[PDB]
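Here is the structure we will look at, set down as structure tokens.
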Amino acid sequence: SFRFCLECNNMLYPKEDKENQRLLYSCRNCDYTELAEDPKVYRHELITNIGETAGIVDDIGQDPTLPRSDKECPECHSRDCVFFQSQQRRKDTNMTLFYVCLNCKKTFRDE
Amino acid sequence: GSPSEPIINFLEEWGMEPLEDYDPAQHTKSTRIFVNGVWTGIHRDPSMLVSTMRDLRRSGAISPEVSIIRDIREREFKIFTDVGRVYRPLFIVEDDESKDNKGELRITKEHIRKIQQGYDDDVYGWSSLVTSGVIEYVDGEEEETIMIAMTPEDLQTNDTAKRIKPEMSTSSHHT
Amino acid sequence: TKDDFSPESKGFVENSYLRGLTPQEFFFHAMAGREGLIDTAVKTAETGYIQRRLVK
Amino acid sequence: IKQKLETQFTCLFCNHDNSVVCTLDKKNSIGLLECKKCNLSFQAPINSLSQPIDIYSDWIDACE
Amino acid sequence: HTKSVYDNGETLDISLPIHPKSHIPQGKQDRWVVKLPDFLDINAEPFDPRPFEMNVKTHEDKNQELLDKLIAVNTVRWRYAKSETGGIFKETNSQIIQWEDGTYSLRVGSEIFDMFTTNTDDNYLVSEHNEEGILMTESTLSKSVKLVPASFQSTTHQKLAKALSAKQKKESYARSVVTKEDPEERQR
Amino acid sequence: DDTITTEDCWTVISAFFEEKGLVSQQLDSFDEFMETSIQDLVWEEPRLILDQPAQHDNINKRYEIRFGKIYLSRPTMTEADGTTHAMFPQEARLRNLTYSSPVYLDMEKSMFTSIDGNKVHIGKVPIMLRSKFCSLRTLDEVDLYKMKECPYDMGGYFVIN
Amino acid sequence: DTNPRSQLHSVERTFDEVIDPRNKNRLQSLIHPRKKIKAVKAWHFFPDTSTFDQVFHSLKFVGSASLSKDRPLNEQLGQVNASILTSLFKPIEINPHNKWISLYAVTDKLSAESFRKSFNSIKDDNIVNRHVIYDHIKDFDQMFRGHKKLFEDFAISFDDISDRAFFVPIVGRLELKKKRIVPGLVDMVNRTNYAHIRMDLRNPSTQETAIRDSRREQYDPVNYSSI
Amino acid sequence: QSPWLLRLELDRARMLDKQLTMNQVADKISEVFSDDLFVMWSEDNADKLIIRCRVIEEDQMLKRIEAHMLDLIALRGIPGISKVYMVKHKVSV
Amino acid sequence: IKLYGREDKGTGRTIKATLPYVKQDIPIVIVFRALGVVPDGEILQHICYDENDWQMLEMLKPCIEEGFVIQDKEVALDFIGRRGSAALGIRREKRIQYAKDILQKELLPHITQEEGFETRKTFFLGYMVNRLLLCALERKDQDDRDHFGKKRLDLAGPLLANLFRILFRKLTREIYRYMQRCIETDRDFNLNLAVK
Ligand SMILES: [Zn+2]
Ligand SMILES: [Zn+2]
Ligand SMILES: [Zn+2]
């Protein structure tokens with residue numbers, strides 16, 4: 001996550017002080033400068049799993065084309081649920097199922 | 001082809017909010033509303049809206065060849081009144097849970113008898129069936145969101161010469 | 001329904017020609033036959049061109 | 001690196017056409033327009049996305 | 001540190017005339033902005049039965065006449081009611097109904113229209129002073145309110161559906177004619 | 001109620017084919033065209049404008065013409081001797097004629113000047129057979145036989161030459 | 001029901017069936033057609049007499065111009081603040097191409113509170129001379145959209161003691177976005193606006209009051225027509 | 001040297017599957033980069049296998065160095081041979 | 001709206017947008033500013049709809065870096081106006097007016113045609129860029145070209161309408177030419193002769 005300038009809404013690029021030895025987020029369109037909280041400047045994931053379970057909506061139980069199972073819900077122990085596979089559509093994607101209860105509407109696995 | 005102005009009037013009447021009053025941070029769960037490919041607004045209760053639009057179309061208030069599509073996965077609600085869309089008719093199954101007729105065809109023997117006679121018991125043809133809500137048209141894009149029984153015998157749950165029908169056991173129940 | 005990997009959902013015809021196909025099996029079989037016709041009517045020109053170059 | 005390109009622009013002093021050459025140096029962020037007949041030189045700063053049309057428009061604005 | 005641009009200190013001695021208000025909000029300077037639907041109209045003028053009867057317009061187009069009838073019967077109005085004690089009181093035909101869930105509904109006669117409230121930030125109401133060319137703020141518009149028909153069986157919804165369905169049914173621009181001679185006769 | 005048999009489905013399909021027929025899309029599209037599309041195309045660019053700042057006492061003159069209503073007729077045949085009569089598709093087939101109808105447009109001319117019009121025939125449009133603008137739409141079964149038209153013929157085509 | 005007599009009779013029928021808000025029994029008698037939920041409280045819907053002469057516009061900030069988002073600006077003006085509720089807007093236009101809005105506010109909390117209390121309590125004919133000084137804060141770019149119909153939008157204010165609800169017309173909507181001043185035009189910018197503006201509260205003149213009453217005579221002629 | 005730090009987390013399972021040693025990767029980086037980059041590597045027993053680096057406005061320079069390192073560091077094998085399979089051949093002798 | 005740059009090649013993955021009557025592609029940030037929304041944060045607000053998705057923000061970062069050179073609406077419109085394929089030598093104000101014309105009209109005409117209605121155009125541009133990013137990040141499959149619900153059939157009506165539009169424009173041009181020729185003679189033409 002990256003922060004924005006509080007006065008002109010531009011991006012806050014990180015900057016390093018030679019004399020003070022501190023990491024600071026500074027806007028290049030002004031003189032505003034705010035002290036950085038964490039040193040994690042950049043992170044790149046070669047193999048990522050985000051978007052696998054992130055594709056979830058709160059009204060997925062109203063879809064009539066989705067199959068319905070009788071798996072046990074971990075939270076409220078309901079007897080009706082709706083399952084589907086991974087929303088990510090790469091070639092390496094697993095065939096595991098995500099179950100959605102019809103009362104608490106949370107996503108849970110079978111393992 | 002049909003004009004899109006009554007569609008916009010109906011949508012604005014039933015709580016659709018325009019784009020100028022839309023904030024993506026605030027509306028992290030609203031549904032985008034498209035009309036003929038034009039993003040015209042947003043809504044936060046798409047279920048009531050799609051139910052109202054479908055009921056209006058089935059009653060003849062909206063033209064029967066208008067497409068009403070709800071993409072739940074992408075949080076979109078699309079409407080098409082364009083010219084050139086290929087459609088076909090289908091029977092309507094009563095899907096209301098609160099109704100007693102759930103899981104059954106809306107068309108009855110009374111409709112068949114009226115069609116055979118040719119008039120209503122206070123001309124009764126195909127259009128009368130379409131505007132009575134027992135038949136409706138669907139195009140290829142709206143077909144992606146519906147669940148179709150092949151025969152009316154499929155709505156209710158060892159011979160070497162008769163063909164074998166699919167079990168469809170992957171789902172515990174079918175609506 | 002969505003995410004169905006059963007044999008009947010993805011084009012397995014369990015009936016014979018004597019018994020008769022169901023509409024889903026009929027449509028899948030028509031798709032396969034269309035594939036066959038397209039493949040023949042498309043590869044004929046490439047084969048003819050290869051034969052002409054070989055002869056010349 | 002200086003880049004020299006022949007352009008079809010019209011000089012506003014000599015009125016001869018197809019006698020305008022654009023010379024832009026991306027290293028020093030400068031652009032030079034020289035007239036092959038008038039021998040006049042116009043200098044204007046250039047950016048990373050600069051094109052000869054940018055320097056030509058800058059010359060037009062400077063001329064008026 | 002963005003230094004303040006303006007430091008001249010020049011000041012205008014402008015005085016604004018202000019009038020007393022008939023009402024004052026209590027506890028919160030909040031107002032709700034409501035979009036006006038097509039089936040609802042506002043008649044700030046007092047209801048005058050004789051001019052209203054004398055100004056009813058009849059059109060050949062049934063849809064336009066039905067729309068005018070619906071908006072006229074649904075129009076928010078008010079009139080002076082003579083009290084039994086001899087005084088005069090303002091009487092209106094519109095009310096606001098709040099249910100047990102906390103939602104609000106606008107009622108005109110027997111028709112009830114639900115209200116959908118959406119919270120809005122940094123939205124205020126101002127008063128324009130054109131003669132001085134400045135805008136004076138009034139209060140804060142916290143919520144935006146949309147008006148929705150209560151149910152299908154409401155007469156307003158049925159009339160709107162009928163009008164919109166029969167409006168697009170009438171479509172005939174080209175007018176037929178009979179040719180008695182060769183068209184090219186005028187040209188030659 | 002009672003269950004719905006396959007015969008009921010075939011009754012519904014018979015109702016469909018009784019109402020629509022097999023060439024309904026062609027006729028409906030052509031009827032939509034003739035009814036509204038020609039008028040809309042004419043009104044797309046309804047104003048031609050010519051200006052002339054005459055100085056030969058400066059008089060700025062604008063000349064402009066407006067397009068009005070579209071008028072259509074039933075197809076007619078004009079003979080060499082000058083007479084006219086109603087045309088029918090069998091005659092057009094036999095004599096290698098074109099089954100088409102004249103189109104008339106109202107042009108209004110105005111003469112604007114600042115110091116500082118009836119039906120014109122614009123062409124003939126071929127008529128699709130058995131459509132709303134065809135002569136065979138009204139004819140019943142007997143006059144259809146008298147006109148040498150087959151009652152099994154469905155229309156949906158044009159007769160050019 | 002195309003008869004004008006029928007329409008008039010329907011109008012009087014709608015007028016007569018108004019439920020008294022104090023009548024709790026009749027209020028509980030009313031039932032939601034769909035929700036099937038009884039009514040709790042009621043309010044009369046009335047127009048406002050004292051505000052029809054003035055012109056009201058719905059003013060909104062678009063995007064980054066939000067006061068909540070601008071944390072130093074919000075901290076300077078107070079974390080509802082009376083300074084925000086008593087702010088002044090001054091539209092100045094050098095030319096048709098260049099336009100902006102000037103915003104002023106009261107930095108002091110006590111002065112803003114006193115001014116707001118004095119302004120919200122105007123029901124008599126005695127107004128104290130509150131020489132309040134307004135300080136410039138920020139400038140924004142503006143666009144305006146006009147309403148074809150008069151009462152396209154209306155804001156509703158409530159009054160619990162009288163069980164009424166007063167609505168006011170909205171003429172247009174004003175949208176504001178943050179404007180970055182060009183460094184080459186600061187010399188002309190400094191000559192346009194002012195660092196301070198002093199507001200003096202005075203009783204309205206008789207002629208202006210008569211003009212405003214004449215404007216209000218369109219709505220209410222019983223209590224405001226000139227004699 | 002520079003305050004900027006570059007550490008990359010490597011998957012233990014696939015690193016063991018390819019039968020590779022952390023010291024080997026460290027020597028490869030040292031050879032391709034000489035003394036321009038100081039390198040340290042966590043031992044085998046670490047919960048997460050990591051290997052850091054330090055250079056001896058340079059954030060973009062470090063980003064380009066990281067991209068170049070990810071792109072063209074060859075640990076072992078013949079270049080061009082993307083995958084290798086084992087096959088059994090029936091031969092008559 | 002093309003997405004230049006191959007995976008792990010070509011340095012940054014810039015997003016350039018092709019515009020009608022414009023000779024060279026344009027980065028999305030510059031045209032976004034030209035429509036009238038300068039701050040980069042609001043550009044990201046229009047494009048993305050969920051701040052926690054750092055991957056799409058990372059993919060938009062090169063576009064922000066490239067577009068940082070332009071920071072004002074008017075210079076953005078001018079940059080649009082230089083490449084607008086018009087006659088060489090047009091003045092700056094006329095270039096800006098030409099950019100305003102080519103931006104209001106012919107850029108997504110199906111949305112709107114009037115002035116001051118570009119908010120919907122900005123939202124639709126954000127929607128298109130969001131769809132492009134969603135497909136680029138392997139979150140969705142590319143659209144099925146052979147899907148039949150995305151096709152249309154033209155019957156006798158539309159075909160005859162297109163043909164009649166072309167022929168009527170030809171007839172109108174002939175009427176215009178005859179009128180221009182006739183005004184030389186200065187006669188009260190019957191107007192039944194201009195029409196062919
Ligand atoms: Zn900044
Ligand atoms: Zn549950
Ligand atoms: Zn020269």
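Going through the structure tokens in order, the chains are called A, B, and so on, while each chain numbers its residues from 1 and the ligands are numbered from 1 in the order shown.
The residue set within 6 Å of segment 15-31 of chain C, counting only C-alpha atoms and dropping same-chain residues fewer than 2 places from it, reads residues 161, 162 and 163 of chain B; 11, 13, 33 and 34 of chain C.
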| Residues at most 9 Å from ligand 1, using only C-alpha atoms and all ligand atoms? Could they come as a list in words? | residues 4, 5, 6, 7, 8, 9, 10, 11, 12, 26, 27, 28, 29, 30, 31, 32 and 33 of chain A
With N, CA and C atoms kept, could you save the residues just selected as an mmCIF file, in the first residue's frame?
data_model
loop_
_atom_site.group_PDB
_atom_site.id
_atom_site.type_symbol
_atom_site.label_atom_id
_atom_site.label_comp_id
_atom_site.auth_asym_id
_atom_site.auth_seq_id
_atom_site.Cartn_x
_atom_site.Cartn_y
_atom_site.Cartn_z
ATOM 1 N N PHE A 4 -0.900 8.859 -0.112
ATOM 2 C CA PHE A 4 -1.026 10.028 -0.968
ATOM 3 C C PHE A 4 -0.783 11.289 -0.152
ATOM 4 N N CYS A 5 -0.433 12.361 -0.860
ATOM 5 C CA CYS A 5 -0.176 13.646 -0.224
ATOM 6 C C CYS A 5 -1.453 14.200 0.394
ATOM 7 N N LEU A 6 -1.326 14.767 1.593
ATOM 8 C CA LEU A 6 -2.487 15.278 2.304
ATOM 9 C C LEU A 6 -2.867 16.692 1.891
ATOM 10 N N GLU A 7 -2.075 17.331 1.033
ATOM 11 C CA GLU A 7 -2.337 18.705 0.630
ATOM 12 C C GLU A 7 -2.587 18.879 -0.861
ATOM 13 N N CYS A 8 -1.993 18.045 -1.719
ATOM 14 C CA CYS A 8 -2.238 18.128 -3.154
ATOM 15 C C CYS A 8 -2.521 16.765 -3.781
ATOM 16 N N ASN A 9 -2.701 15.721 -2.966
ATOM 17 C CA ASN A 9 -3.268 14.427 -3.345
ATOM 18 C C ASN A 9 -2.400 13.639 -4.321
ATOM 19 N N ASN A 10 -1.134 14.001 -4.488
ATOM 20 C CA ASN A 10 -0.241 13.231 -5.338
ATOM 21 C C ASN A 10 0.404 12.088 -4.552
ATOM 22 N N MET A 11 1.140 11.244 -5.270
ATOM 23 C CA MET A 11 1.806 10.102 -4.662
ATOM 24 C C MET A 11 2.986 10.553 -3.801
ATOM 25 N N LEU A 12 3.189 9.859 -2.678
ATOM 26 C CA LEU A 12 4.281 10.149 -1.748
ATOM 27 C C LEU A 12 5.432 9.185 -2.021
ATOM 28 N N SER A 26 7.920 11.733 0.583
ATOM 29 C CA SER A 26 7.894 13.123 0.153
ATOM 30 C C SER A 26 7.171 13.243 -1.179
ATOM 31 N N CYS A 27 6.364 14.290 -1.302
ATOM 32 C CA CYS A 27 5.692 14.605 -2.555
ATOM 33 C C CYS A 27 6.597 15.487 -3.402
ATOM 34 N N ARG A 28 6.792 15.097 -4.660
ATOM 35 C CA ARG A 28 7.670 15.843 -5.551
ATOM 36 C C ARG A 28 7.023 17.103 -6.113
ATOM 37 N N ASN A 29 5.730 17.311 -5.889
ATOM 38 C CA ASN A 29 5.036 18.495 -6.374
ATOM 39 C C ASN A 29 4.982 19.614 -5.346
ATOM 40 N N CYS A 30 5.575 19.416 -4.173
ATOM 41 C CA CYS A 30 5.541 20.398 -3.096
ATOM 42 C C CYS A 30 6.691 20.095 -2.144
ATOM 43 N N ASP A 31 6.676 20.743 -0.982
ATOM 44 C CA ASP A 31 7.684 20.529 0.046
ATOM 45 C C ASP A 31 7.183 19.659 1.191
ATOM 46 N N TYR A 32 6.001 19.057 1.052
ATOM 47 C CA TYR A 32 5.448 18.216 2.105
ATOM 48 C C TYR A 32 6.274 16.945 2.275
ATOM 49 N N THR A 33 6.469 16.547 3.530
ATOM 50 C CA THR A 33 7.271 15.374 3.851
ATOM 51 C C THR A 33 6.770 14.775 5.154
#
| What do you get as a PyMOL selection string if you pick all residues at most 9 Å from ligand 3, counting only C-alpha atoms and all ligand atoms? | chain D and resi 10-17+19-20+34-40
Leaving out segment 77-86 of chain G and any residue of its chain fewer than 6 positions from it, which residues lie within 12 Å of it when counting only C-alpha atoms, given as a PDB file with N, CA and C atoms, in the first residue's frame?
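Result file is result-v1.pdb:
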ATOM      1  N   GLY E  27     -31.035  21.172  17.794  1.00  0.00           N
ATOM      2  CA  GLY E  27     -30.106  20.091  18.067  1.00  0.00           C
ATOM      3  C   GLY E  27     -29.117  19.754  16.967  1.00  0.00           C
ATOM      4  N   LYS E  28     -29.467  20.037  15.715  1.00  0.00           N
ATOM      5  CA  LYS E  28     -28.615  19.697  14.581  1.00  0.00           C
ATOM      6  C   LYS E  28     -29.058  20.515  13.379  1.00  0.00           C
ATOM      7  N   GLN E  29     -28.099  21.145  12.704  1.00  0.00           N
ATOM      8  CA  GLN E  29     -28.374  21.899  11.480  1.00  0.00           C
ATOM      9  C   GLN E  29     -28.271  20.983  10.257  1.00  0.00           C
ATOM     10  N   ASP E  30     -29.107  19.949  10.261  1.00  0.00           N
ATOM     11  CA  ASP E  30     -29.100  18.917   9.235  1.00  0.00           C
ATOM     12  C   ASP E  30     -30.351  19.024   8.376  1.00  0.00           C
ATOM     13  N   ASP E 122     -19.246  16.309   3.129  1.00  0.00           N
ATOM     14  CA  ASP E 122     -18.878  17.619   2.578  1.00  0.00           C
ATOM     15  C   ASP E 122     -19.940  18.165   1.624  1.00  0.00           C
ATOM     16  N   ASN E 123     -21.206  18.048   2.015  1.00  0.00           N
ATOM     17  CA  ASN E 123     -22.323  18.582   1.247  1.00  0.00           C
ATOM     18  C   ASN E 123     -23.112  19.533   2.134  1.00  0.00           C
ATOM     19  N   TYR E 124     -23.216  20.790   1.708  1.00  0.00           N
ATOM     20  CA  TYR E 124     -23.874  21.828   2.487  1.00  0.00           C
ATOM     21  C   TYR E 124     -24.835  22.615   1.606  1.00  0.00           C
ATOM     22  N   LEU E 125     -25.721  23.352   2.261  1.00  0.00           N
ATOM     23  CA  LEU E 125     -26.666  24.240   1.601  1.00  0.00           C
ATOM     24  C   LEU E 125     -26.243  25.683   1.841  1.00  0.00           C
ATOM     25  N   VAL E 126     -26.248  26.485   0.774  1.00  0.00           N
ATOM     26  CA  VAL E 126     -25.840  27.881   0.843  1.00  0.00           C
ATOM     27  C   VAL E 126     -26.952  28.747   0.265  1.00  0.00           C
ATOM     28  N   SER E 127     -26.924  30.025   0.642  1.00  0.00           N
ATOM     29  CA  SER E 127     -27.860  31.020   0.139  1.00  0.00           C
ATOM     30  C   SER E 127     -27.104  32.011  -0.736  1.00  0.00           C
ATOM     31  N   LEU E 135     -21.802  34.010  -1.548  1.00  0.00           N
ATOM     32  CA  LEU E 135     -22.650  32.895  -1.147  1.00  0.00           C
ATOM     33  C   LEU E 135     -22.543  32.716   0.361  1.00  0.00           C
ATOM     34  N   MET E 136     -23.686  32.740   1.042  1.00  0.00           N
ATOM     35  CA  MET E 136     -23.761  32.556   2.489  1.00  0.00           C
ATOM     36  C   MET E 136     -24.304  31.165   2.780  1.00  0.00           C
ATOM     37  N   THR E 137     -23.549  30.385   3.552  1.00  0.00           N
ATOM     38  CA  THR E 137     -23.967  29.026   3.886  1.00  0.00           C
ATOM     39  C   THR E 137     -25.176  29.036   4.821  1.00  0.00           C
ATOM     40  N   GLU E 138     -25.969  27.964   4.739  1.00  0.00           N
ATOM     41  CA  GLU E 138     -27.168  27.822   5.561  1.00  0.00           C
ATOM     42  C   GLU E 138     -27.071  26.663   6.543  1.00  0.00           C
ATOM     43  N   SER E 139     -26.813  25.447   6.067  1.00  0.00           N
ATOM     44  CA  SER E 139     -26.771  24.257   6.918  1.00  0.00           C
ATOM     45  C   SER E 139     -26.030  23.156   6.163  1.00  0.00           C
ATOM     46  N   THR E 140     -26.069  21.943   6.709  1.00  0.00           N
ATOM     47  CA  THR E 140     -25.350  20.798   6.158  1.00  0.00           C
ATOM     48  C   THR E 140     -26.343  19.795   5.580  1.00  0.00           C
ATOM     49  N   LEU E 141     -26.055  19.311   4.373  1.00  0.00           N
ATOM     50  CA  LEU E 141     -26.842  18.258   3.728  1.00  0.00           C
ATOM     51  C   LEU E 141     -26.133  16.929   3.976  1.00  0.00           C
ATOM     52  N   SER E 142     -26.503  16.265   5.078  1.00  0.00           N
ATOM     53  CA  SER E 142     -25.824  15.031   5.461  1.00  0.00           C
ATOM     54  C   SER E 142     -26.248  13.846   4.599  1.00  0.00           C
TER      55      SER E 142
ATOM     56  N   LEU G  67     -13.152  18.291   2.890  1.00  0.00           N
ATOM     57  CA  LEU G  67     -12.565  18.877   4.092  1.00  0.00           C
ATOM     58  C   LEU G  67     -12.051  17.810   5.050  1.00  0.00           C
ATOM     59  N   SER G  68     -12.733  16.661   5.115  1.00  0.00           N
ATOM     60  CA  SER G  68     -12.278  15.565   5.973  1.00  0.00           C
ATOM     61  C   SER G  68     -10.954  14.990   5.483  1.00  0.00           C
ATOM     62  N   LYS G  69     -10.780  14.879   4.163  1.00  0.00           N
ATOM     63  CA  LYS G  69      -9.533  14.354   3.608  1.00  0.00           C
ATOM     64  C   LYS G  69      -8.355  15.280   3.895  1.00  0.00           C
ATOM     65  N   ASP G  70      -8.566  16.592   3.801  1.00  0.00           N
ATOM     66  CA  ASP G  70      -7.517  17.570   4.084  1.00  0.00           C
ATOM     67  C   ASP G  70      -7.360  17.666   5.595  1.00  0.00           C
ATOM     68  N   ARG G  71      -6.498  16.807   6.142  1.00  0.00           N
ATOM     69  CA  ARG G  71      -6.286  16.757   7.590  1.00  0.00           C
ATOM     70  C   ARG G  71      -5.706  18.040   8.193  1.00  0.00           C
ATOM     71  N   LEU G 103     -12.798  31.076  -0.295  1.00  0.00           N
ATOM     72  CA  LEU G 103     -13.397  30.536   0.918  1.00  0.00           C
ATOM     73  C   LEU G 103     -12.864  31.302   2.120  1.00  0.00           C
ATOM     74  N   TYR G 104     -13.766  31.682   3.021  1.00  0.00           N
ATOM     75  CA  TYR G 104     -13.414  32.395   4.239  1.00  0.00           C
ATOM     76  C   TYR G 104     -14.082  31.721   5.427  1.00  0.00           C
ATOM     77  N   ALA G 105     -13.440  31.822   6.588  1.00  0.00           N
ATOM     78  CA  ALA G 105     -13.938  31.186   7.798  1.00  0.00           C
ATOM     79  C   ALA G 105     -13.399  31.937   9.009  1.00  0.00           C
ATOM     80  N   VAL G 106     -13.983  31.646  10.167  1.00  0.00           N
ATOM     81  CA  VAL G 106     -13.579  32.248  11.433  1.00  0.00           C
ATOM     82  C   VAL G 106     -12.659  31.264  12.145  1.00  0.00           C
ATOM     83  N   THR G 107     -11.394  31.650  12.324  1.00  0.00           N
ATOM     84  CA  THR G 107     -10.435  30.782  12.993  1.00  0.00           C
ATOM     85  C   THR G 107     -10.767  30.609  14.470  1.00  0.00           C
ATOM     86  N   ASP G 108     -11.173  31.689  15.138  1.00  0.00           N
ATOM     87  CA  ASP G 108     -11.506  31.623  16.554  1.00  0.00           C
ATOM     88  C   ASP G 108     -12.807  30.857  16.769  1.00  0.00           C
ATOM     89  N   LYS G 109     -12.806  29.980  17.774  1.00  0.00           N
ATOM     90  CA  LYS G 109     -13.997  29.188  18.070  1.00  0.00           C
ATOM     91  C   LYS G 109     -15.059  30.016  18.781  1.00  0.00           C
ATOM     92  N   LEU G 110     -14.637  30.919  19.674  1.00  0.00           N
ATOM     93  CA  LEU G 110     -15.586  31.720  20.445  1.00  0.00           C
ATOM     94  C   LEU G 110     -16.349  32.701  19.557  1.00  0.00           C
ATOM     95  N   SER G 111     -15.639  33.389  18.657  1.00  0.00           N
ATOM     96  CA  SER G 111     -16.288  34.335  17.752  1.00  0.00           C
ATOM     97  C   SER G 111     -17.251  33.627  16.804  1.00  0.00           C
ATOM     98  N   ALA G 112     -16.839  32.473  16.269  1.00  0.00           N
ATOM     99  CA  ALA G 112     -17.711  31.699  15.390  1.00  0.00           C
ATOM    100  C   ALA G 112     -18.940  31.193  16.134  1.00  0.00           C
ATOM    101  N   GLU G 113     -18.758  30.734  17.377  1.00  0.00           N
ATOM    102  CA  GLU G 113     -19.887  30.274  18.184  1.00  0.00           C
ATOM    103  C   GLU G 113     -20.861  31.405  18.488  1.00  0.00           C
ATOM    104  N   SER G 114     -20.337  32.584  18.844  1.00  0.00           N
ATOM    105  CA  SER G 114     -21.188  33.741  19.113  1.00  0.00           C
ATOM    106  C   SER G 114     -21.950  34.172  17.862  1.00  0.00           C
ATOM    107  N   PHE G 115     -21.270  34.193  16.709  1.00  0.00           N
ATOM    108  CA  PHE G 115     -21.925  34.561  15.457  1.00  0.00           C
ATOM    109  C   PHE G 115     -23.002  33.556  15.069  1.00  0.00           C
ATOM    110  N   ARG G 116     -22.718  32.257  15.227  1.00  0.00           N
ATOM    111  CA  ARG G 116     -23.699  31.227  14.896  1.00  0.00           C
ATOM    112  C   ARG G 116     -24.908  31.292  15.824  1.00  0.00           C
ATOM    113  N   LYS G 117     -24.673  31.509  17.123  1.00  0.00           N
ATOM    114  CA  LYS G 117     -25.771  31.640  18.078  1.00  0.00           C
ATOM    115  C   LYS G 117     -26.626  32.867  17.777  1.00  0.00           C
ATOM    116  N   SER G 118     -25.985  33.994  17.445  1.00  0.00           N
ATOM    117  CA  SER G 118     -26.734  35.198  17.088  1.00  0.00           C
ATOM    118  C   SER G 118     -27.533  34.997  15.807  1.00  0.00           C
ATOM    119  N   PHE G 119     -26.943  34.331  14.809  1.00  0.00           N
ATOM    120  CA  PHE G 119     -27.615  34.120  13.532  1.00  0.00           C
ATOM    121  C   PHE G 119     -28.794  33.160  13.665  1.00  0.00           C
ATOM    122  N   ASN G 120     -28.645  32.103  14.464  1.00  0.00           N
ATOM    123  CA  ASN G 120     -29.706  31.113  14.605  1.00  0.00           C
ATOM    124  C   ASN G 120     -30.825  31.556  15.542  1.00  0.00           C
ATOM    125  N   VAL G 132     -17.411  40.602  12.853  1.00  0.00           N
ATOM    126  CA  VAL G 132     -16.661  39.354  12.767  1.00  0.00           C
ATOM    127  C   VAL G 132     -15.733  39.411  11.559  1.00  0.00           C
ATOM    128  N   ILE G 133     -14.472  39.041  11.763  1.00  0.00           N
ATOM    129  CA  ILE G 133     -13.450  39.069  10.723  1.00  0.00           C
ATOM    130  C   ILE G 133     -13.243  37.657  10.193  1.00  0.00           C
ATOM    131  N   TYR G 134     -13.329  37.498   8.874  1.00  0.00           N
ATOM    132  CA  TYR G 134     -13.179  36.208   8.212  1.00  0.00           C
ATOM    133  C   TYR G 134     -11.821  36.124   7.530  1.00  0.00           C
ATOM    134  N   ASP G 135     -11.144  34.988   7.696  1.00  0.00           N
ATOM    135  CA  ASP G 135      -9.819  34.767   7.138  1.00  0.00           C
ATOM    136  C   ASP G 135      -9.899  33.808   5.955  1.00  0.00           C
ATOM    137  N   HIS G 136      -9.178  34.141   4.884  1.00  0.00           N
ATOM    138  CA  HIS G 136      -9.130  33.296   3.696  1.00  0.00           C
ATOM    139  C   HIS G 136      -8.422  31.982   4.003  1.00  0.00           C
ATOM    140  N   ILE G 137      -8.899  30.897   3.390  1.00  0.00           N
ATOM    141  CA  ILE G 137      -8.348  29.571   3.645  1.00  0.00           C
ATOM    142  C   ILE G 137      -7.795  28.948   2.368  1.00  0.00           C
ATOM    143  N   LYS G 138      -8.654  28.737   1.371  1.00  0.00           N
ATOM    144  CA  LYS G 138      -8.240  28.050   0.153  1.00  0.00           C
ATOM    145  C   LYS G 138      -9.168  28.448  -0.989  1.00  0.00           C
ATOM    146  N   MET G 199     -17.364  41.289   8.518  1.00  0.00           N
ATOM    147  CA  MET G 199     -18.810  41.219   8.377  1.00  0.00           C
ATOM    148  C   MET G 199     -19.461  42.005   9.506  1.00  0.00           C
TER     149      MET G 199
END
| message | Taking only C-alpha atoms and all ligand atoms into account, which residues have an atom no farther than 10 Å from ligand 2? I'd like them as number ranges by chain. | response | A: 72-81, 99-108
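Relative to atom CA of residue 41 of chain H, atom CA of residue 27 of chain H is found at 10.8 Å.
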